[PDB]
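Visitor:
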RNA sequence: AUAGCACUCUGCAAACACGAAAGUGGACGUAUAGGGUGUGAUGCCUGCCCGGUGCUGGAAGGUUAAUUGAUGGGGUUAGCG
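In the authors' numbering, the protein residues as written are 2 to 273.
And the structure:
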């Protein structure tokens, strides 16, 4: 419902939050949770490789089944839960044989629904099937690129691709970036679209909200000295240069794709 | 610096960064995500110019490297003298 907070303080004047009343309010399912440590954007040499990372709240990792390799055994949804590691919600599945797992929750899925995976699964949201058995024109998510590896494409909140055609050994899908590409017909996908589609409606409101999520301040290159950045130096404000990164790579329009091995998989570019 | 705004890059063995390499961060994330650049709550808004430099897409005409080696010109000596 996108609730706006009342302007009781200047830090609250501009807070837009998203509320979903159906999320489970207790602790997560313990056998499927494991520890996760903060990195600070540093690698095994100890140097910073990604800037603006650090701090934030402590988080546990939820083990999510991306492979969906329990074929033919129906499962029932127990609850929908909030996951701090991603923007989508997750669903807890209880199988007819007692095993419990976590999956990315499709939009509309509620406690009590039934899901399945395999060649013979019926066409209902949350069911996992090979693309060869998927009806043409379907809206899908959680698309797998290598046989047996699991879902890699269209996993974020509100994400969807759609299947325009299938011929030979390759199905044609269009992605949310606007791109056409082919996928092997034996790779799997899931029926429907990802939940939490209102995720991008939130307004943080203040700097502390970004600090809670673990983002450190960005300093403009214009604000430094020549020894630090190509944009540095000068008396007063002055750009006087075509924009580049701290390492000298142009920032407006210059393309960076280099891989020559997957080029034959891409039919139509989205005007990169 | 900041929440907000915009441009641009990146289809995943991602772009990008560290490192001589192996490898590591990005991220046990997947375009509602991640990196770079500028502006800076909010209200009203944000005009003209693509000639220059840059970027993006074209063309197969001119010019041009390694490589290849067609012809031509010298040195030497069998022989003729």
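C-beta atoms are modelled at their ideal positions from N, C-alpha and C, and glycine is treated no differently.
In terms of residues, what are the limits of the alpha helix (DSSP H) holding residue 212?
Guide: Mapped onto the first chain, residue 212 falls at position 211. Unbroken alpha helix (DSSP H) run through residue 212: 208–214.
Visitor: Reducing DSSP to helix, strand and coil, say where residue 261 ends up.
Guide: In the first chain, counting from the first residue as 1, residue 261 sits at position 260. Here residue 261 sits in coil by DSSP.
Visitor: Report the residue from 220, 271, 265 whose alpha carbon sits nearest the alpha carbon of residue 183.
Guide: Your numbering for residue 183 matches position 182 in the first chain. Cα-wise, what sits closest to residue 183 is 265.
Visitor: Compute the Euclidean distance between the alpha carbons of residue 240 and residue 233, then round it to the nearest angstrom.
Guide: One-based indexing of the first chain puts residue 240 at position 239. One-based indexing of the first chain puts residue 233 at position 232. C-alpha separation (whole angstroms): 9 Å.
Visitor: Tell me the start and end of each unbroken beta strand (DSSP E) in the stretch 129–177 that is at least 3 residues and wholly inside, in chain order.
Guide: Runs found: 129–131, 140–142, 152–154, 162–168, 171–175.
Visitor: Determine the contact status of residue 33 and residue 103, defining contact as a CB-CB distance below 7 Å.
Guide: Locating residue 33 in the first chain gives position 32, where the first residue counts as 1. Locating residue 103 in the first chain gives position 102, where the first residue counts as 1. It is a contact, given that the beta carbons lie within the stated cut-off.
Visitor: From the DSSP output, read off the bridge partner residues of residue 94.
Guide: For the purposes of this step, residue 94 is identified with residue 93 of the first chain, where counting begins at 1. BP columns for residue 94 point to 78, 102.
Visitor: Counting C-beta neighbours from all protein chains within 10 Å, is the total for residue 273 16 or more, i.e. buried, or is it exposed?
Guide: Within the first chain, residue 273 is the residue found at index 272, counting from 1. So residue 273 ends up on the exposed side.
Visitor: According to DSSP, is residue 225 helix, strand or coil?
Guide: For the purposes of this step, residue 225 is taken as the residue at position 224 of the first chain. Residue state, collapsed to three classes: coil.
Visitor: With a cut-off of 8 Å on the beta carbons, I'd call residue 191 and residue 174 a contact; round off their distance for me.
Guide: Taking the first chain and counting its residues from 1, one reaches residue 191 at position 190. Taking the first chain and counting its residues from 1, one reaches residue 174 at position 173. Their Cβ separation, rounded to whole angstroms, is 13 Å, which puts residue 191 and residue 174 out of contact at 8 Å.
Visitor: Report the rounded CA-to-CA distance for residue 158 versus residue 172, giving the unit in angstroms.
Guide: The residue given as residue 158 occupies position 157 in the first chain. The residue given as residue 172 occupies position 171 in the first chain. Their Cα atoms are separated by approximately 24 Å.
Visitor: Are the CB atoms of residue 108 and residue 196 within a distance shorter than 7 Å?
Guide: Here residue 196 refers to the residue found at position 195 of the first chain. Here residue 108 refers to the residue found at position 107 of the first chain. Against a cut-off of 7 Å, the Cβ pair of residue 108 and residue 196 comes out as a contact.
Visitor: Mind the definition here: the stretch 64–78 touches the stretch 145–157 only if three or more C-beta pairs lie below 8 Å; say whether that holds.
Guide: yes
Visitor: Does the separation of the CB atoms of residue 97 and residue 75 fall below 7 Å?
Guide: Position 96 of the first chain, counted from the start, is the residue given in the question as residue 97. Position 74 of the first chain, counted from the start, is the residue given in the question as residue 75. Taking 7 Å as the Cβ cut-off, residue 97 and residue 75 qualify as a contacting pair.
Visitor: Determine the closest residue to residue 167 out of 55, 134, 199, with distance taken between C-alpha atoms.
Guide: Residue 167 sits at position 166 when you count from the first residue of the first chain. Nearest of 55, 134, 199 to residue 167, Cα basis: 134.
Visitor: So, are the CB atoms of residue 137 and residue 106 less than 7 Å apart?
Guide: By one-based count along the first chain, residue 137 stands at place 136. By one-based count along the first chain, residue 106 stands at place 105. Against a cut-off of 7 Å, the Cβ pair of residue 106 and residue 137 comes out as no contact.
Visitor: Could you say which of 77, 113, 121, 11 lies nearest to residue 100 if we only look at CA atoms?
Guide: What you label residue 100 is simply residue 99 of the first chain in a count that begins at 1. Of the listed residues, the one whose Cα sits closest to residue 100 is 77.
Visitor: Could you check what DSSP says for residue 31 in three-state terms: helix, strand or coil?
Guide: By 1-based counting over the first chain, the position of residue 31 is 30. Helix at residue 31.
Visitor: Please report the straight-line C-alpha distance between residue 200 and residue 261, rounded to a whole angstrom.
Guide: Mapped onto the first chain, residue 200 falls at position 199. Mapped onto the first chain, residue 261 falls at position 260. Spanning the two alpha carbons is a distance of roughly 35 Å.
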